[PDB]
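J.: Sharing a structure below in structure tokens format, with a few things to ask.
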Amino acid sequence: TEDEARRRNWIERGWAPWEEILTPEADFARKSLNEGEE
Amino acid sequence: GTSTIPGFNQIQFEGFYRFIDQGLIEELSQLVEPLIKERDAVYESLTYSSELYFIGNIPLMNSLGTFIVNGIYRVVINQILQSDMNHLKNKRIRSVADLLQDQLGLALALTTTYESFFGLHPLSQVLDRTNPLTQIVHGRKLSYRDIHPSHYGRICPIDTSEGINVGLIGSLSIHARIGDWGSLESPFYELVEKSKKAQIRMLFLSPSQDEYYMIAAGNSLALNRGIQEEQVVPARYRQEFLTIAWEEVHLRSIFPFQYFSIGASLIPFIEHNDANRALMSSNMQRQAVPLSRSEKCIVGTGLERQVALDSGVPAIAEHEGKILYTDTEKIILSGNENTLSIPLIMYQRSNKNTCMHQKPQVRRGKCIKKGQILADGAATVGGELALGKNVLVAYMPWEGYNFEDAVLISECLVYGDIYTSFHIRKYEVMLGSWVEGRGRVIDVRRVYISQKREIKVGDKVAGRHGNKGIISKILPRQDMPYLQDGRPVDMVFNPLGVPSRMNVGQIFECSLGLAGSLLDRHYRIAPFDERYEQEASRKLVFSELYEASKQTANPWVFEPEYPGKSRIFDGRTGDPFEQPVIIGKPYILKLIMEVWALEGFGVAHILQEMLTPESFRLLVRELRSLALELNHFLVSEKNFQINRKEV
Amino acid sequence: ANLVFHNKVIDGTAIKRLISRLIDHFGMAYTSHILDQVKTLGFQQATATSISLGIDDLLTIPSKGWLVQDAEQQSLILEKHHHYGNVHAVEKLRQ
Amino acid sequence: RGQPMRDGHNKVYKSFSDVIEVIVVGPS
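Residue numbers (the deposited numbering), protein chains in the order written: chain H, 67 to 104; chain C, 8 to 36, 58 to 81, 100 to 129, 305 to 330, 361 to 395, 411 to 694, 728 to 735, 783 to 791, 807 to 953, 990 to 1009, 1038 to 1072; chain E, 5 to 99; chain D, 341 to 361, 383 to 389.
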């Protein structure tokens, strides 16, 4: 499930949701591409 | 091959050395020099071979990569076989070493096995000896349809066959080489970091290694307010094209002739021609007849000298020294208390009935280095391939006599002997007779008859840009159009053939050829001169045209209103032609449902004549062999009586 | 003969239409002779004018340099922002 | 029948069923 895999990534592979400080262009790209293409 | 163009026969040469040095023992688990000479094996129709100790005979290879089997020159071509299935890293090349080693293994499971291999194996082919170019390119063929990215620098993308084998018989690139796993390798210049020895920066890459290097073909002539390392160039990577900074480039392709075969590399201004015409040009240059008098091209690529050296057509000194004696038959060279006599080929027939003939290029008392030229063969002047002539040419329609690919020529090409060639035909009579096939008996062993053929209506001519034509009309010099200096032109080509075929390179060549003749200059220009600057060919041609016009006081040569073109006059009337015409001196070579239609017209009796019955009587007997009878009965419309036709 | 007087230009489609009208009006024997005469006239005039082809005659439109340089600028800017992660590879491919 | 009869030179025999089944321009 998507609870043990996340825990597995943290413990075994050292995953952490580190903050990504994005430029306005990068911030727009992630927010707009979730809606569609054009 | 790291800093020069390699010998064109190096693949054949090195492969045969591997067979003798290592191949023999791998199959046997002494060699005696041949008792006869190569010229003897041809005269007596024997085989140039060596004795294995007496197990049998092993055919030997010449330095030109050719074998002499029963007097016939033979060449073993390279085969490409499966080791993306079309990637060259999944392919492998089997050369003469692989084939001769298989025959030896087949032989040990020794003479008749090799005679049968050369006579019957499809990879053993009779050497094409039409001209020096045909000899050198035959041994570089690859026999198996689409171009693959892995081919770049290894297999020529242009040179292929025309017909149904297209894409299955190709040519090796000029700088290509066979690796240690039957793989083709091409040299690239390595861009090395600061901290590394890197003695030789030229390295050969197999197709497997090619995808994972960033290879750029651009130059570093670009600067802005930043730094040079951040400028971008087109590069190849992972079988695609990118645009990346110079600092991310791993390798550079720097050799001018790296990506093309020999035939494509002899086309000046090739980057101004459509790629389809460059293929047709390669085929036409292989059909060019050696002329009785030979002449260097005014404009070339610079590869003509390499072809002359590697073809073996000229005579090159095997030893340094001084020249003591020259005549039509021999040249005597002495150096370091050793005297050598070198016979000269005279009026010898080739495979395709062309004339081979050597003329001395040195005089008495001339010092020679080892490997320098001594005599010029047919279609070779001064150590350069010379397949044609430079003639005065105008591009204009002329009363329909140059309609489509037809070509109009002047009589001066006939009585000037510009395109006269010798053709020796061997038929299996007193010497020197004039038999009538008209010709002169030159040698009786077999009767050899020599023909001197001048240019004629119906003969085919061609440039180096896929511009091929057929002579349709020969005019007196006073009927030809003539220039502002009064000289009539020698040939008139149709200008409508250029835009449809999209071969602009012939336009550059003819203009530059005219400038060279007036300036007493020849030009050897590597392809893709646009890498230096935009319109590099235009700048070179126009500047040389202006210099020729200025130095010789011939203002018509360079017209500022329309460079390259000039007003010319009609020889018949003396009136000028209305529009300016491009004139020049290019290098021109001389080359070596019906039933349904009748039924559609309703011509029943014509169809009956063209068919005539034995075709049907034979059909009845073959059907009788299958226990079937086919009887033809006629029923009379008058009395209804049935008649069995005699079939 | 009541032939119309053409006074503008005779191109490929104009001559094809005229021949078809000549065939329908005069028949094929007349038009066959007309074709031979028109063919001869065309060859003679093409020679007298002497159309040719030079480097200068291969005319590029004046604005190519402006248009190519604009396309290069847009591609160059998009390649930078692709490296920054502002557009993805398919968007760069399409553009 | 399947694999057809072949001779010594590895050639398949043909039955009766197999048996039954220059120019120059002149403008003037």
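The C-beta atom is built at its ideal place from N, Cα and C for all residues, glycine as well.
(1) Cβ closer than 7 angstroms: which chain E residues qualify as neighbours of C/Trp664?
(2) Whose CA, out of C/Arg1042, C/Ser927, C/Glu603 and C/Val1000, lies closest to the CA of E/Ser54?
(3) Counting only runs of 3+ residues fully inside the segment 446–492 of chain C, write out the beta strand (DSSP E) ranges in chain order.
(4) With C/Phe535 and C/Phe869 assumed to form a contact (beta carbons below 8 angstroms), what rounded beta-carbon distance in angstroms separates them?
(5) Tell me which same chain residues have a C-beta within less than 7 angstroms of the C-beta of E/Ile38, skipping the five on either side of it?
(6) In the DSSP output, what is C/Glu79 paired with across the bridge?
(7) Please check the pair C/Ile675 and C/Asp851, which I expect to be a contact at CB under 8 angstroms, by giving their CB distance rounded to whole angstroms.
(8) With respect to the beta strand (DSSP E) encompassing C/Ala501, which residues constitute its N-terminal and C-terminal limits?
(9) Report the residues of the segment 54–86 of chain E with a CB closer than 7 angstroms to any CB of chain H, ordered along the chain.
(10) Flag this pair as touching only if the segment 819–836 of chain C and the segment 930–950 of chain C have three or more C-beta atom pairs under 8 angstroms; answer yes or no.
(11) From C/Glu670, C/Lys562 and C/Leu557, pick the residue whose C-alpha is nearest to that of C/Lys813; which is it?
(12) Do you know how far the Cα of C/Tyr24 is from the Cα of C/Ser687?
(13) Which chain E residues are close to C/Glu939, counting only those with a beta carbon under 8 angstroms from its beta carbon?
(14) Among C/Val70, C/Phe938 and C/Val728, which residue has its Cα nearest to the Cα of C/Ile118?
(15) Could you give the first and the last residue of the continuous alpha helix (DSSP H) run that contains C/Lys951?
(16) What did DSSP end up calling C/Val1060 once you bin it into helix, strand or coil?
(17) If you follow the beta strand (DSSP E) that C/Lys392 is in, where does it begin and where does it stop?
(18) Can you tell me where the alpha helix (DSSP H) holding E/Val72 begins and where it ends?
(19) If the cut is a Cβ gap below 8 angstroms, which residues of chain E does H/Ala92 touch?
(20) Quick check on the DSSP output: what are the complete beta strand (DSSP E) runs of length 3 or more inside the segment 623–686 of chain C, in order along the chain?
(21) Would you identify the three-state DSSP class for C/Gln895, choosing helix, strand or coil?
(22) Determine the direct distance from the alpha carbon of C/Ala672 to that of C/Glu33, and round the result to whole angstroms.
(23) Residues of chain C with CB closer than 7 angstroms to the CB of E/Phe30, please, in chain order.
(24) In its own chain, which residues sit with a C-beta less than 6 angstroms from the C-beta of C/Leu434, not counting the 5 before and 5 after it?
(25) Count the C-beta pairs between the segment 888–906 of chain C and the segment 825–844 of chain C that are closer than 8 angstroms, then say yes if the count reaches three, no if not.
(26) Measuring alpha carbon to alpha carbon, tell me which of C/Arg518, C/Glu694 and C/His883 ends up nearest C/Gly568.
(27) In this structure, does DSSP put C/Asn549 in helix, strand or coil?
(28) Mind listing the chain C neighbours of D/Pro344? Cutoff is C-beta to C-beta under 8 angstroms, in chain order.
(29) Does C/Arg899 come within less than 8 angstroms of chain E when only Cβ atoms are used?
(30) What whole-angstrom Cβ distance do C/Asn855 and C/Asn539 have, given they're in contact under 8 angstroms?
(31) For C/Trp733, write down the residues that DSSP places opposite it in a beta bridge.
(32) Is it true that the CB of C/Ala876 sits closer than 8 angstroms to the CB of C/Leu906?
(33) Measuring alpha carbon to alpha carbon, tell me which residue in C/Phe1058, C/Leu59 and C/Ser872 is nearest E/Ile59.
(34) Any C-beta of chain E sitting closer than 8 angstroms to the C-beta of H/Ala82?
(35) Let me confirm a value: C/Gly22 is counted as buried when at least 16 other C-beta atoms fall within 10 Å, else exposed. Which label applies?
(36) For C/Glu920, which residues from the same chain have a beta carbon less than 8 angstroms from its beta carbon, with the 5 sequence-adjacent residues on both sides left out?
T.: Short version:
(1) Here residue 664 of chain C corresponds to residue number 398 of the second sequence, with the count starting at 1. Chain E residues near C/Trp664: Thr51.
(2) Walking along the third sequence from the start, residue 54 of chain E turns up at place 50. Answer by Cα proximity: C/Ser927.
(3) 450–456 and 468–471
(4) Against the second sequence, residue 535 of chain C aligns to sequence position 269. Against the second sequence, residue 869 of chain C aligns to sequence position 508. Indeed, because the Cβ distance is near 4 angstroms, the residues count as touching under 8 angstroms.
(5) Here residue 38 of chain E refers to the residue found at position 34 when the third sequence is read from its first residue. Correct list, in chain order: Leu26.
(6) The residue given as residue 79 of chain C occupies position 51 in the second sequence. DSSP, once it has assigned bridges, lists C/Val60 and C/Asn103 as partnering C/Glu79.
(7) Your numbering for residue 675 of chain C matches position 409 in the second sequence. Your numbering for residue 851 of chain C matches position 490 in the second sequence. So it is a contact: roughly 7 angstroms between Cβ atoms.
(8) Here residue 501 of chain C is taken as the residue at index 235 of the second sequence, counted from 1. Note, C/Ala501: beta strand (DSSP E), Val498 to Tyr503.
(9) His85
(10) yes
(11) Taking the first residue of the second sequence as 1, we reach residue 813 of chain C at position 452. Nearest option by C-alpha distance: C/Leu557.
(12) Here residue 687 of chain C refers to the residue found at position 421 of the second sequence. Here residue 24 of chain C refers to the residue found at position 17 of the second sequence. In a straight line, the C-alpha of C/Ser687 is about 38 angstroms away from that of C/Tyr24.
(13) In the second sequence, counting from the first residue as 1, residue 939 of chain C sits at position 578. Ordered by position in chain E, the residues that pass the 8 angstroms Cβ test against C/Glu939 are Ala52, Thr53 and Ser54.
(14) Counted from its first residue, the second sequence places residue 118 of chain C at position 72. That would be C/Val70, whose Cα lies nearest to the Cα of C/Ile118.
(15) Along the second sequence, read from residue 1 onward, the residue named residue 951 of chain C stands at position 590. No alpha helix (DSSP H) contains C/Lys951, which is instead part of the beta strand (DSSP E) from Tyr948 to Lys951.
(16) As a first step, residue 1060 of chain C must be located in the second sequence, where it is residue number 635. In the structure shown, C/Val1060 sits in a strand (DSSP, three-state: E or B).
(17) By one-based count along the second sequence, residue 392 of chain C stands at place 141. Residues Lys392 to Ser394.
(18) Along the third sequence, read from residue 1 onward, the residue named residue 72 of chain E stands at position 68. Start and end: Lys68 to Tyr88.
(19) Stepping through the first sequence from its first residue, residue 92 of chain H is reached at position 26. Within 8 angstroms Cβ-Cβ: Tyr88, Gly89 and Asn90.
(20) 639–642, 654–656, 659–661 and 672–676
(21) Counting from 1 along the second sequence, the entry for residue 895 of chain C is found at position 534. Residue state, collapsed to three classes: coil.
(22) Your numbering for residue 33 of chain C matches position 26 in the second sequence. Your numbering for residue 672 of chain C matches position 406 in the second sequence. Looking at the two C-alpha atoms, the distance is approximately 59 angstroms.
(23) Your numbering for residue 30 of chain E matches position 26 in the third sequence. None at all; the shortest Cβ gap to chain C is about 24 angstroms.
(24) Within the second sequence, residue 434 of chain C is the residue found at index 168, counting from 1. Excluding residues within five positions, the ones whose Cβ falls inside 6 angstroms are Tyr395.
(25) no
(26) Walking along the second sequence from the start, residue 568 of chain C turns up at place 302. Taking only the C-alpha atoms, the option nearest C/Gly568 is C/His883.
(27) Your numbering for residue 549 of chain C matches position 283 in the second sequence. The answer is helix: DSSP assigns C/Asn549 an H, G or I state.
(28) The residue labelled residue 344 of chain D in the question sits at position 4 within the fourth sequence. The contacting residues do not exist; D/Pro344 stays about 18 angstroms from chain C at best.
(29) Indexing the second sequence from 1 puts residue 899 of chain C at position 538. Chain E contact via Cβ: present.
(30) Translated into positions along the second sequence, residue 855 of chain C becomes position 494. Translated into positions along the second sequence, residue 539 of chain C becomes position 273. The Cβ separation is near 17 angstroms, so there is no contact.
(31) Mapped onto the second sequence, residue 733 of chain C falls at position 434. DSSP lists C/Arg786 as partners of C/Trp733.
(32) For this step, residue 906 of chain C is matched to residue 545 along the second sequence. For this step, residue 876 of chain C is matched to residue 515 along the second sequence. Contact flag set, yes.
(33) Position 55 of the third sequence, counting from 1, holds the residue named residue 59 of chain E. Minimum Cα distance to E/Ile59 is reached at C/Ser872.
(34) Residue mapping note: residue 82 of chain H aligns to position 16 of the first sequence, counting from 1. No - not a single Cβ of chain E is within 8 angstroms of the one on H/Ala82.
(35) Residue 22 of chain C sits at position 15 when you count from the first residue of the second sequence. C/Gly22 comes out buried.
(36) Here residue 920 of chain C refers to the residue found at position 559 when the second sequence is read from its first residue. Taken in chain order, the residues that qualify are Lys926, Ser927 and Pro941.
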